[PDB]
Amino acid sequence: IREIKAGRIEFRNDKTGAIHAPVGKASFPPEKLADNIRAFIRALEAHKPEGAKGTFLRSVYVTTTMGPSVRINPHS
RNA sequence: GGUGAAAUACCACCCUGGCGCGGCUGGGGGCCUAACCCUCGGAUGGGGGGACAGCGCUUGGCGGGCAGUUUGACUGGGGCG
């Protein structure tokens, strides 16, 4: 629970095949937001089951609650 | 606040289903017509069929018409047993 309140999130994929999670705060330091986008990049790449074959992380995007929609390239 | 398995703003990504249009390629329907076949009927020009069927290779399938072999041993014979 320590983590739960110091800096928690976690994963889970919904039906058809997607994951949902907070990777930073709005006004938060940009670089930082990058740091978290990555946090997700890693943890995810990890969880990524071995029953893959091709384009696994198909579409990865930074989007906001009630705001913009920006697909992203978490490779760099 | 509530109703529930789920909660409603609005901004996200992802499916079931029907249509917009854009690349690939699958089915196919029409004279032609110049290769091609037959051509013509008395001349290398007319005509008749025509991208077909001829025909090269590769595909799969029939296929005794043919081919080359085979189709056991024991056992008061050999077979049948």
# chains A, B, ... in the order shown; residues from 1 in each chain; ligands from 1

$ residues_around --residues "region 17-23 of chain A" --least-positions-apart "4" --cutoff "9 Å" --atoms "only C-alpha atoms (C1' of nucleotides)" --output "list in words"
residues 9, 10, 11, 12, 13, 33, 34, 35, 36, 37, 38, 39, 40 and 62 of chain A; 13, 14 and 15 of chain B

$ residues_around --residues "residue 10 (chain B)" --least-positions-apart "5" --cutoff "12 Å" --atoms "only C-alpha atoms (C1' of nucleotides)" --output "ChimeraX atom specification"
/A:64-68

$ write_last_selection --atoms "C-alpha atoms" --output "PDB file, in the first residue's frame"
ATOM      1  CA  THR A  64      -5.737  13.581 -21.974  1.00  0.00           C
ATOM      2  CA  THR A  65      -8.835  13.051 -19.891  1.00  0.00           C
ATOM      3  CA  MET A  66     -11.115  15.603 -21.481  1.00  0.00           C
ATOM      4  CA  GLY A  67      -8.570  17.077 -23.892  1.00  0.00           C
ATOM      5  CA  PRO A  68      -6.258  16.203 -26.786  1.00  0.00           C
TER       6      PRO A  68
END

$ closest_residue --among "B:9, B:73, B:60, B:19" --to "chain A" --atoms "only C-alpha atoms (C1' of nucleotides)"
B:9
